[PDB]
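> no sequence on this one, just coordinates:
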Ligand SMILES: *Cc1ccc([N+](=O)[O-])c(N2CCOCC2)c1
Ligand SMILES: *Cc1ccc([N+](=O)[O-])c(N2CCOCC2)c1
């Protein structure tokens, strides 16, 4: 995308979202990141939406194929599951590479730095979902380390109702429950996050209240499933 | 896909359908066609499902972008609509090329020949949806000619309740209404098709009755919208 | 209006 | 269970 203007890449990413062309959207946003400038709040959201949709389709396909493969146990199911898995890993490596070159190092404000470190935790988490063995251990630790740095910043620099802080806590709790075999840590984090947000809702406008309570309901939904 | 066994391509196309990986499914079925053997009934259905899903996503995206472009009237919306349009045309040309090299010429039974000629009409119809000008006229005539040959065979060789015959008539009626500016021909074809199928339902088993009445309801749904 | 949906085997 | 859906801007 080197020959396209940054502003045109951003405009086309928004059009691709409306057209539900998420692979295109991700390619446009990768091109925008590679222009080398920092991303605004809205541009960060476009980057995240694009790749979340791409990797989300891959994860859903991998789960279907992994289930069929487990039931079977010719080479075809394993070969095709491996093909999807390699593609998924490639997308995760691409996102992680954008974060490392050079989005995180240039992110100084809490809102940008927390957002990117949460993304780093998420994409290592998606790698962990398909990893097998000792490779799994180092990938799991990379996810944990990114989430933990984001949590430390968010608790120092953001109010407990901030939607990014809430979504980080939600996703770190899912990491604990689904990846790290720590369901008690997942439940404790979700409960403490919910309760501290509740106590801060009185400070918010009607619109901010709506944004925060929407994510709080997701924390509650997980707590209901886990307890 | 030249190095993969035909049977493995078919198996992987079925897995790709279950995983909702329709681009993969279409690539596997293209590879299977290119082995040079005729396709069974089930294999023809896999080919059609794969490409229908691929082109269906492209058509939906093209319609979103075309609507935005019409409302606007920078170059970005037009450029991106053109990109999607070129990709859509490439998929249609690929399908048409498989039919021409060499699926139609080897199809001697009515069920296979009607199926492929209906596909030929459909993919020329999708080309016509995005065509502008005199190119539109020849593309429209190519769709009409394919549908007409399929209709002539189907009326001679298949009962009026045959699902392929019914779906051909449904899609040719849509061609008349949406492409050829012939709504009266569309309505007449849908009505005659429905009525002649009704009168033949008494000959069918419970399972065949269900298959035929499902497509008859689609004819009725169009008639309700058009009258 | 509606053609054959045809998106499921 | 459920992470941030995050699939719509
Ligand atoms: C063109 C046509 C007519 C009928 C049917 N059908 O009875 O299912 C189809 N199917 C093709 C395979 O995918 C589902 C639709 C197509
Ligand atoms: C990680 C996170 C937390 C909160 C929100 N949010 O309040 O919307 C998001 N969004 C990112 C952009 O797409 C929708 C979700 C993400």
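Done, it's in. Numbering: from 1, shown residues only, chains lettered A, B, ... in the order given. Ligands and ions are numbered 1, 2, ... in the order given.
> Chain A: helices as residue ranges?
Under the criterion DSSP state H, chain A carries helices at the ranges A:6-18, A:22-33, A:41-72, A:76-98, A:104-106, A:110-130, A:134-157, A:163-174, A:183-198, A:206-226.
> Residue B:206 is nearest to which of those helices?
Of all those, the one in closest proximity to residue B:206, counting by C-beta to C-beta, is helix A:41-72 (31.1 Å). C-beta: built from backbone N, CA, C; applies to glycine.
> how about whatever residue of chain A ends up closest to ligand 2, what does it touch?
Ranked by C-beta to the nearest ligand atom, the top residue of chain A for proximity to ligand 2 is residue A:167, at 2.4 Å. When contacts are counted by C-beta atoms under 8 Å, 6 or more residues apart in numbering or on different chains, residue A:167 touches A:118, A:215, D:4, D:6.
> I'd guessed residue A:54 sits against residue A:21; true?
No. Applying C-beta atoms under 8 Å as the test, residue A:54 and residue A:21 come out as separate, 10.6 Å apart.
> how many other residues sit next to residue A:35?
Using other C-beta atoms under 10 Å in any protein chain shown, residue A:35 has 15 other residues around it.
> Contact partners for the residue nearest to it when sequence neighbours are not counted?
The shortest distance from residue A:35 to any residue that is not its chain neighbour, by C-beta to C-beta, 6 or more residues apart in numbering or on different chains, is 4.6 Å, and that residue is residue A:6. Residue A:6 makes contacts with A:32, A:35, A:37, as judged by C-beta under 8 Å, 6+ apart.
> List the residues that contact the first one.
Under the criterion of C-beta under 8 Å, 6+ apart, the neighbours of residue A:32 are A:1, A:6, A:9, A:10, A:13, A:39, A:43, A:47.
> just residue A:96 next, same as before
Contacts of residue A:96 were listed using C-beta under 8 Å, 6+ apart, and they are A:120, A:123, A:124.
> Using JSON lines, please lay out these together with distance to residue A:156 and neighbour count.
Converted to JSON lines, those look like this (distance: C-beta to C-beta, whole Å; neighbours: other C-beta atoms under 10 Å in any protein chain shown):
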{"residue": "A:120", "distance to residue A:156": "18", "neighbour count": "23"}
{"residue": "A:123", "distance to residue A:156": "24", "neighbour count": "25"}
{"residue": "A:124", "distance to residue A:156": "23", "neighbour count": "26"}
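> Find the residue closest to the residue of chain C found nearest ligand 2 in space, skipping its chain neighbours.
With C-beta to the nearest ligand atom as the measure, residue C:7 is the residue of chain C nearest to ligand 2, at 27.5 Å. Spatial nearest neighbour of residue C:7, excluding adjacent residues (C-beta to C-beta, 6+ apart): residue B:53 at 5.0 Å.
> From chain A, how far off is that neighbour?
The span separating residue B:53 from chain A equals 13 Å under the rule C-beta to the nearest C-beta, to the nearest Å.
> Can you give me the buried ones in stretch A:37-51?
Counting neighbours by 16 or more other C-beta atoms under 10 Å in any protein chain shown, one finds that the buried residues in stretch A:37-51 are A:39, A:43, A:44, A:46, A:47, A:48, A:49, A:50, A:51.
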